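Source file: entry.txt (compact mmCIF, C-alpha atoms)
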# COMPACT_ATOMS: atom_id res chain seq x y z
CA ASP L 1 10.00 4.36 -4.24
CA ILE L 2 7.58 3.78 -1.40
CA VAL L 3 4.23 5.46 -2.03
CA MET L 4 2.44 6.89 1.03
CA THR L 5 -1.33 7.52 0.96
CA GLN L 6 -3.31 9.33 3.63
CA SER L 7 -7.03 9.52 4.40
CA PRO L 8 -9.20 11.34 4.65
CA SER L 9 -7.96 14.38 2.69
CA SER L 10 -9.64 16.67 5.23
CA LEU L 11 -11.80 16.40 8.32
CA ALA L 12 -13.80 19.01 10.26
CA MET L 13 -14.49 18.46 13.93
CA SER L 14 -15.52 20.46 16.98
CA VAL L 15 -13.31 20.84 20.08
CA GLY L 16 -13.42 17.78 22.31
CA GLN L 17 -14.14 15.22 19.60
CA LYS L 18 -11.93 12.27 18.76
CA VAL L 19 -10.23 12.14 15.38
CA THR L 20 -8.71 9.25 13.56
CA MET L 21 -6.64 9.60 10.39
CA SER L 22 -4.77 6.91 8.48
CA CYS L 23 -1.60 6.56 6.43
CA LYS L 24 -0.95 3.39 4.42
CA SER L 25 2.17 2.84 2.38
CA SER L 26 2.60 0.62 -0.61
CA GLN L 27 5.64 -1.05 0.86
CA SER L 28 6.50 -2.10 4.38
CA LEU L 29 8.47 0.29 6.49
CA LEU L 30 9.27 -2.34 9.03
CA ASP L 31 12.75 -3.81 9.12
CA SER L 32 13.20 -7.54 9.32
CA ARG L 33 15.94 -6.94 11.76
CA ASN L 34 15.24 -4.47 14.51
CA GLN L 35 11.52 -4.65 14.11
CA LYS L 36 10.55 -1.02 14.07
CA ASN L 37 8.64 0.94 11.41
CA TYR L 38 10.22 3.90 9.88
CA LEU L 39 7.23 6.19 9.59
CA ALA L 40 6.90 9.60 11.20
CA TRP L 41 4.05 11.99 11.67
CA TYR L 42 4.47 15.76 11.24
CA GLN L 43 2.03 18.55 12.10
CA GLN L 44 2.02 21.79 10.08
CA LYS L 45 -0.06 24.57 11.63
CA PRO L 46 -1.17 27.42 9.30
CA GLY L 47 1.72 29.71 8.46
CA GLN L 48 4.38 27.53 10.06
CA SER L 49 6.76 24.82 8.95
CA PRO L 50 6.03 21.13 9.71
CA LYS L 51 7.02 19.94 13.17
CA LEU L 52 7.86 16.34 14.12
CA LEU L 53 5.08 14.86 16.26
CA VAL L 54 5.79 11.14 16.26
CA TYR L 55 8.59 8.83 15.07
CA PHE L 56 9.18 5.15 14.88
CA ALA L 57 5.55 4.47 14.30
CA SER L 58 4.75 5.32 17.84
CA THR L 59 7.20 7.45 19.86
CA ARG L 60 5.69 10.83 20.61
CA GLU L 61 8.28 13.57 20.56
CA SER L 62 8.88 15.55 23.72
CA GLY L 63 6.63 18.61 23.90
CA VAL L 64 3.85 16.71 22.10
CA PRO L 65 0.67 16.26 24.18
CA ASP L 66 -0.41 12.73 24.94
CA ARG L 67 -3.74 13.42 23.23
CA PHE L 68 -1.82 12.49 20.05
CA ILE L 69 -1.18 8.76 19.64
CA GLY L 70 0.49 7.10 16.68
CA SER L 71 -0.31 3.42 16.12
CA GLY L 72 -0.29 0.68 13.47
CA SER L 73 2.43 -1.41 11.82
CA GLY L 74 3.69 -2.67 8.47
CA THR L 75 1.68 -0.87 5.79
CA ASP L 76 -1.18 0.62 7.84
CA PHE L 77 -0.74 3.43 10.35
CA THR L 78 -3.10 5.64 12.37
CA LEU L 79 -2.76 8.98 14.10
CA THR L 80 -5.48 9.50 16.71
CA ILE L 81 -6.24 12.72 18.58
CA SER L 82 -8.25 11.65 21.61
CA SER L 83 -9.97 14.98 22.24
CA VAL L 84 -9.17 17.61 19.64
CA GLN L 85 -8.30 21.16 20.68
CA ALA L 86 -8.46 24.38 18.63
CA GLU L 87 -4.68 24.55 18.48
CA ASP L 88 -4.53 21.18 16.71
CA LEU L 89 -5.79 22.93 13.53
CA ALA L 90 -3.17 21.78 11.00
CA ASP L 91 -2.31 19.51 8.11
CA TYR L 92 -0.91 16.19 9.35
CA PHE L 93 1.61 14.37 7.13
CA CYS L 94 3.07 10.88 7.51
CA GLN L 95 6.46 10.07 6.12
CA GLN L 96 8.58 7.08 5.28
CA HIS L 97 12.04 7.49 6.61
CA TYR L 98 12.98 4.03 5.90
CA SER L 99 14.97 4.66 2.77
CA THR L 100 15.62 7.12 0.04
CA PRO L 101 13.50 8.55 -1.36
CA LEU L 102 12.11 9.66 1.93
CA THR L 103 8.62 10.39 0.80
CA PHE L 104 5.58 11.77 2.41
CA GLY L 105 1.85 11.23 2.20
CA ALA L 106 -0.38 13.99 0.83
CA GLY L 107 -1.68 15.13 4.25
CA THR L 108 -4.92 15.18 6.23
CA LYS L 109 -6.10 18.74 6.81
CA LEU L 110 -7.79 19.05 10.20
CA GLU L 111 -10.36 21.89 10.38
CA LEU L 112 -12.12 23.19 13.47
CA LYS L 113 -15.91 23.65 13.83
CA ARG L 114 -16.94 26.29 16.38
CA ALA L 115 -19.79 28.62 17.38
CA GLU K 116 20.09 26.08 20.68
CA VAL K 117 19.93 23.98 17.51
CA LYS K 118 19.20 26.18 14.50
CA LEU K 119 18.97 25.98 10.71
CA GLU K 120 18.67 29.43 9.11
CA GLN K 121 17.74 30.08 5.51
CA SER K 122 17.00 33.46 3.63
CA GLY K 123 13.41 34.53 3.44
CA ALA K 124 13.08 34.69 -0.36
CA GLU K 125 14.55 34.53 -3.85
CA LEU K 126 13.02 35.99 -7.01
CA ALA K 127 14.36 34.43 -10.15
CA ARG K 128 13.82 34.71 -13.89
CA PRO K 129 12.49 31.64 -15.74
CA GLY K 130 15.31 29.65 -17.29
CA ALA K 131 17.81 30.86 -14.68
CA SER K 132 19.04 29.24 -11.45
CA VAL K 133 19.69 29.81 -7.73
CA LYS K 134 21.84 28.65 -4.86
CA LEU K 135 19.84 28.30 -1.67
CA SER K 136 21.82 28.42 1.57
CA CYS K 137 21.11 26.88 4.97
CA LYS K 138 23.36 27.78 7.91
CA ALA K 139 23.53 25.35 10.83
CA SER K 140 24.47 26.08 14.44
CA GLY K 141 24.18 24.50 17.84
CA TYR K 142 25.48 21.08 16.86
CA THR K 143 28.35 19.25 15.23
CA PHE K 144 27.53 19.87 11.59
CA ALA K 145 29.30 16.85 10.18
CA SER K 146 27.62 14.51 12.62
CA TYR K 147 24.26 14.44 10.80
CA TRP K 148 23.02 14.23 7.19
CA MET K 149 21.18 17.21 5.70
CA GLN K 150 17.90 16.89 3.85
CA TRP K 151 16.13 19.23 1.44
CA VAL K 152 12.35 19.28 1.02
CA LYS K 153 10.08 21.18 -1.37
CA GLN K 154 6.59 22.41 -0.48
CA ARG K 155 4.08 23.75 -2.99
CA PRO K 156 0.75 25.05 -1.63
CA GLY K 157 -1.89 22.37 -1.86
CA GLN K 158 0.56 19.79 -3.20
CA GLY K 159 2.24 19.06 0.11
CA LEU K 160 5.83 18.10 0.90
CA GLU K 161 8.34 16.51 -1.49
CA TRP K 162 11.83 15.15 -0.72
CA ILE K 163 14.63 16.39 -3.00
CA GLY K 164 17.74 14.60 -1.73
CA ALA K 165 20.26 14.46 1.11
CA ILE K 166 24.00 14.81 1.61
CA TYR K 167 26.39 13.66 4.31
CA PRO K 168 28.55 16.70 5.14
CA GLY K 169 31.49 14.63 6.30
CA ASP K 170 32.36 13.29 2.88
CA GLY K 171 29.93 15.05 0.60
CA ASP K 172 28.08 11.90 -0.40
CA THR K 173 24.73 12.74 -1.98
CA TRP K 174 21.58 10.78 -2.72
CA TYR K 175 18.87 12.27 -4.93
CA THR K 176 15.20 11.71 -5.67
CA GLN K 177 15.20 10.45 -9.28
CA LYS K 178 12.67 13.18 -10.07
CA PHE K 179 15.17 15.91 -9.23
CA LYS K 180 18.35 14.30 -10.59
CA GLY K 181 19.71 16.95 -12.92
CA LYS K 182 17.69 19.80 -11.45
CA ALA K 183 19.24 20.04 -7.99
CA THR K 184 22.88 19.89 -6.89
CA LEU K 185 23.76 19.63 -3.18
CA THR K 186 27.05 20.74 -1.61
CA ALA K 187 28.24 21.92 1.77
CA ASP K 188 30.97 23.94 3.40
CA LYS K 189 32.16 22.19 6.53
CA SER K 190 34.30 25.24 7.26
CA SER K 191 31.34 27.61 7.68
CA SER K 192 28.73 24.99 8.62
CA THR K 193 26.59 25.82 5.59
CA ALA K 194 24.77 23.43 3.25
CA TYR K 195 23.75 24.43 -0.27
CA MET K 196 21.37 23.43 -3.03
CA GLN K 197 21.46 24.80 -6.56
CA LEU K 198 18.33 24.58 -8.68
CA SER K 199 18.89 24.96 -12.43
CA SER K 200 16.75 25.96 -15.41
CA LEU K 201 13.87 27.07 -13.20
CA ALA K 202 10.31 27.25 -14.43
CA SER K 203 7.01 28.38 -12.90
CA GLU K 204 6.47 24.88 -11.50
CA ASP K 205 9.62 25.34 -9.40
CA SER K 206 8.04 28.17 -7.37
CA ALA K 207 7.73 27.01 -3.76
CA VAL K 208 9.09 27.04 -0.22
CA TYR K 209 12.31 25.04 0.17
CA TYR K 210 13.34 23.55 3.53
CA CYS K 211 16.62 22.06 4.72
CA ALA K 212 15.93 19.56 7.58
CA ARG K 213 17.96 17.32 9.91
CA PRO K 214 17.34 13.61 10.53
CA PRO K 215 18.03 11.42 13.52
CA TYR K 216 17.57 7.69 13.06
CA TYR K 217 18.64 6.07 16.29
CA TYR K 218 16.25 3.77 18.16
CA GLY K 219 16.40 1.20 15.41
CA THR K 220 13.78 2.88 13.35
CA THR K 221 13.04 5.85 11.11
CA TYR K 222 15.09 8.83 10.03
CA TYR K 223 12.52 11.04 11.71
CA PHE K 224 13.18 14.69 10.99
CA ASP K 225 13.65 16.53 14.16
CA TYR K 226 14.76 19.99 13.13
CA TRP K 227 13.64 22.11 10.16
CA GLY K 228 14.90 25.38 8.72
CA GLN K 229 12.83 28.54 8.50
CA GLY K 230 12.27 27.91 4.78
CA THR K 231 12.98 30.00 1.68
CA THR K 232 10.20 31.29 -0.59
CA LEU K 233 11.39 31.05 -4.19
CA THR K 234 9.38 32.69 -6.94
CA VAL K 235 10.05 32.18 -10.67
CA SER K 236 8.79 35.13 -12.72

Before anything else, please render the file you have as structure tokens.
Amino acid sequence: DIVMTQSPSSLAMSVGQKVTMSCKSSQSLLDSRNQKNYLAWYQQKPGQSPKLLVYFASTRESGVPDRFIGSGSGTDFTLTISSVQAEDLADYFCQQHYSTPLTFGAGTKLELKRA
Amino acid sequence: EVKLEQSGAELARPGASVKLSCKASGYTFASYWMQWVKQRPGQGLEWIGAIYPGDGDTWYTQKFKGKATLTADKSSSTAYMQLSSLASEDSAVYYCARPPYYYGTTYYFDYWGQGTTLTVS
């Protein structure tokens, strides 16, 4: 099974700051054939179910603000939020959807500092 | 409007079992595979298995082989998952979710059910 690891486990940032969080996997999620990485990012706000933010390693899903950018390839992926807003408070999970088991990383919990 | 509806909760006795339901609507049910995910607070998300509704073909996470059975009813557009011999560690929220996979890359889940809170006690 492909193991997905995420870092950091949590981060606390004030509105307007940039955040970077990473997801590595222990096996490549890139095909040798179509050349695309089968990794998605989900956002789970408190009290809600996860919602798909990004798929392929980099396509942002419609509705998702362009402050979120997925990047990276092969075994090392990054989700960046260019300027974080209060509503981005959430746990962010990456996921292999290359092959079964689909598996997920353990999540980066984003917390919000404020006055 | 694409929708996957589940019932809010299930209370079950340890050692017993349950059949979770997930009703689909808004799309051709047989056209997409159905996934089941488990979420325990603090632990995160865990994939249980999937099933193609058109022919009933299943694929399980080795960890849950023998604990979960997936079936579906193409007549009523419902997918099912039975969990057997439950124990306290099985308490959690269980989601049924749909996967698209076009583009040439990942089976990126695009639609999730409301989730069912199961409590073993």

*Tell me which protein, DNA and RNA residues are within 8 Å of residue 97 of chain L, counting all atoms listed in the file, leaving out same-chain ones fewer than 6 positions away, and put them as number ranges by chain.*
L: 38-40, 103; K: 221-223

_Spatial neighbours of segment 5-15 of chain L, max dist 10 Å, only C-alpha atoms, sep filter under 4 positions, as a ChimeraX atom specification_ = /L:19-26,76-78,83-89,91-95,104-115

Give me, as JSON lines, the closest atom pair and its distance (Å, one decimal) for every residue of chain L within a cut-off of 10 Å of chain K, counting all atoms listed in the file, rows sorted by chain and rising number.
{"residue": "L:1", "atom": "CA", "partner": "K:176", "partner_atom": "CA", "distance": 9.1}
{"residue": "L:29", "atom": "CA", "partner": "K:221", "partner_atom": "CA", "distance": 8.6}
{"residue": "L:30", "atom": "CA", "partner": "K:220", "partner_atom": "CA", "distance": 8.1}
{"residue": "L:31", "atom": "CA", "partner": "K:220", "partner_atom": "CA", "distance": 8.0}
{"residue": "L:33", "atom": "CA", "partner": "K:219", "partner_atom": "CA", "distance": 8.9}
{"residue": "L:34", "atom": "CA", "partner": "K:219", "partner_atom": "CA", "distance": 5.9}
{"residue": "L:35", "atom": "CA", "partner": "K:219", "partner_atom": "CA", "distance": 7.7}
{"residue": "L:36", "atom": "CA", "partner": "K:220", "partner_atom": "CA", "distance": 5.1}
{"residue": "L:37", "atom": "CA", "partner": "K:220", "partner_atom": "CA", "distance": 5.8}
{"residue": "L:38", "atom": "CA", "partner": "K:221", "partner_atom": "CA", "distance": 3.6}
{"residue": "L:39", "atom": "CA", "partner": "K:221", "partner_atom": "CA", "distance": 6.0}
{"residue": "L:40", "atom": "CA", "partner": "K:223", "partner_atom": "CA", "distance": 5.8}
{"residue": "L:41", "atom": "CA", "partner": "K:223", "partner_atom": "CA", "distance": 8.5}
{"residue": "L:42", "atom": "CA", "partner": "K:224", "partner_atom": "CA", "distance": 8.8}
{"residue": "L:48", "atom": "CA", "partner": "K:229", "partner_atom": "CA", "distance": 8.7}
{"residue": "L:49", "atom": "CA", "partner": "K:229", "partner_atom": "CA", "distance": 7.1}
{"residue": "L:50", "atom": "CA", "partner": "K:227", "partner_atom": "CA", "distance": 7.7}
{"residue": "L:51", "atom": "CA", "partner": "K:225", "partner_atom": "CA", "distance": 7.5}
{"residue": "L:52", "atom": "CA", "partner": "K:225", "partner_atom": "CA", "distance": 5.8}
{"residue": "L:53", "atom": "CA", "partner": "K:225", "partner_atom": "CA", "distance": 9.0}
{"residue": "L:54", "atom": "CA", "partner": "K:223", "partner_atom": "CA", "distance": 8.1}
{"residue": "L:55", "atom": "CA", "partner": "K:223", "partner_atom": "CA", "distance": 5.6}
{"residue": "L:56", "atom": "CA", "partner": "K:220", "partner_atom": "CA", "distance": 5.4}
{"residue": "L:57", "atom": "CA", "partner": "K:221", "partner_atom": "CA", "distance": 8.3}
{"residue": "L:59", "atom": "CA", "partner": "K:218", "partner_atom": "CA", "distance": 9.9}
{"residue": "L:61", "atom": "CA", "partner": "K:225", "partner_atom": "CA", "distance": 8.9}
{"residue": "L:91", "atom": "CA", "partner": "K:159", "partner_atom": "CA", "distance": 9.2}
{"residue": "L:93", "atom": "CA", "partner": "K:160", "partner_atom": "CA", "distance": 8.4}
{"residue": "L:95", "atom": "CA", "partner": "K:223", "partner_atom": "CA", "distance": 8.3}
{"residue": "L:96", "atom": "CA", "partner": "K:221", "partner_atom": "CA", "distance": 7.4}
{"residue": "L:97", "atom": "CA", "partner": "K:222", "partner_atom": "CA", "distance": 4.8}
{"residue": "L:98", "atom": "CA", "partner": "K:221", "partner_atom": "CA", "distance": 5.5}
{"residue": "L:99", "atom": "CA", "partner": "K:222", "partner_atom": "CA", "distance": 8.4}
{"residue": "L:100", "atom": "CA", "partner": "K:176", "partner_atom": "CA", "distance": 7.3}
{"residue": "L:101", "atom": "CA", "partner": "K:176", "partner_atom": "CA", "distance": 5.6}
{"residue": "L:102", "atom": "CA", "partner": "K:162", "partner_atom": "CA", "distance": 6.1}
{"residue": "L:103", "atom": "CA", "partner": "K:162", "partner_atom": "CA", "distance": 5.9}
{"residue": "L:104", "atom": "CA", "partner": "K:160", "partner_atom": "CA", "distance": 6.5}
{"residue": "L:105", "atom": "CA", "partner": "K:160", "partner_atom": "CA", "distance": 8.0}
{"residue": "L:106", "atom": "CA", "partner": "K:159", "partner_atom": "CA", "distance": 5.8}
{"residue": "L:107", "atom": "CA", "partner": "K:159", "partner_atom": "CA", "distance": 6.9}

Please dump the current selection as an mmCIF file, in the coordinates of the input; keep C-alpha atoms.
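So the final result, stored in part.cif, reads:
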data_model
loop_
_atom_site.group_PDB
_atom_site.id
_atom_site.type_symbol
_atom_site.label_atom_id
_atom_site.label_comp_id
_atom_site.auth_asym_id
_atom_site.auth_seq_id
_atom_site.Cartn_x
_atom_site.Cartn_y
_atom_site.Cartn_z
ATOM 1 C CA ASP L 1 10.000 4.360 -4.240
ATOM 2 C CA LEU L 29 8.470 0.290 6.490
ATOM 3 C CA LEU L 30 9.270 -2.340 9.030
ATOM 4 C CA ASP L 31 12.750 -3.810 9.120
ATOM 5 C CA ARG L 33 15.940 -6.940 11.760
ATOM 6 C CA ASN L 34 15.240 -4.470 14.510
ATOM 7 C CA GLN L 35 11.520 -4.650 14.110
ATOM 8 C CA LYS L 36 10.550 -1.020 14.070
ATOM 9 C CA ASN L 37 8.640 0.940 11.410
ATOM 10 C CA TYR L 38 10.220 3.900 9.880
ATOM 11 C CA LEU L 39 7.230 6.190 9.590
ATOM 12 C CA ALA L 40 6.900 9.600 11.200
ATOM 13 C CA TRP L 41 4.050 11.990 11.670
ATOM 14 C CA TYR L 42 4.470 15.760 11.240
ATOM 15 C CA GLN L 48 4.380 27.530 10.060
ATOM 16 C CA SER L 49 6.760 24.820 8.950
ATOM 17 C CA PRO L 50 6.030 21.130 9.710
ATOM 18 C CA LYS L 51 7.020 19.940 13.170
ATOM 19 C CA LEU L 52 7.860 16.340 14.120
ATOM 20 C CA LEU L 53 5.080 14.860 16.260
ATOM 21 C CA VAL L 54 5.790 11.140 16.260
ATOM 22 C CA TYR L 55 8.590 8.830 15.070
ATOM 23 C CA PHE L 56 9.180 5.150 14.880
ATOM 24 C CA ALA L 57 5.550 4.470 14.300
ATOM 25 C CA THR L 59 7.200 7.450 19.860
ATOM 26 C CA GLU L 61 8.280 13.570 20.560
ATOM 27 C CA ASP L 91 -2.310 19.510 8.110
ATOM 28 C CA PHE L 93 1.610 14.370 7.130
ATOM 29 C CA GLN L 95 6.460 10.070 6.120
ATOM 30 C CA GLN L 96 8.580 7.080 5.280
ATOM 31 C CA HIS L 97 12.040 7.490 6.610
ATOM 32 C CA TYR L 98 12.980 4.030 5.900
ATOM 33 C CA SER L 99 14.970 4.660 2.770
ATOM 34 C CA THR L 100 15.620 7.120 0.040
ATOM 35 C CA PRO L 101 13.500 8.550 -1.360
ATOM 36 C CA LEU L 102 12.110 9.660 1.930
ATOM 37 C CA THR L 103 8.620 10.390 0.800
ATOM 38 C CA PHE L 104 5.580 11.770 2.410
ATOM 39 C CA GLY L 105 1.850 11.230 2.200
ATOM 40 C CA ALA L 106 -0.380 13.990 0.830
ATOM 41 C CA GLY L 107 -1.680 15.130 4.250
#

*Atomic separation - atom CA of residue 211 of chain K relative to atom CA of residue 120 of chain K, Å*: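 Spanning atom CA of residue 120 of chain K to atom CA of residue 211 of chain K is a straight-line distance of 8.8 Å.
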
*Report the distance between atom CA of residue 136 of chain K and atom CA of residue 149 of chain K in Å, rounded to one decimal place.*
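Atom CA of residue 149 of chain K lies 12.0 Å from atom CA of residue 136 of chain K.
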
*Give me, please, the distance in Å between atom CA of residue 139 of chain K and atom CA of residue 119 of chain K, quoted to one decimal.*
4.6 Å

*With all atoms listed in the file as the basis for distance, which of K:212, K:207, K:131, K:202 is at the shortest distance from residue 118 of chain K?*
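Of all the options, K:212 lies closest to residue 118 of chain K.
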
*Hey, what's within 8 Å of residue 189 of chain K if we count only C-alpha atoms and toss same-chain stuff fewer than 5 positions away? As a list in words, please?*
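The neighbour list is residues 144, 145, 168 and 169 of chain K.
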
*In the coordinates of the file, take the point (29.0, 27.2, 5.5) and a cut-off of 10 Å; then, counting all atoms listed in the file, name each qualifying protein, DNA or RNA residue as a ChimeraX atom specification.*
/K:136-139,144,186-195

*With only C-alpha atoms as the atoms that count, which of L:75, L:68, L:18, L:58 lies nearest to residue 4 of chain L?*
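Among the listed residues, L:75 lies closest to residue 4 of chain L.
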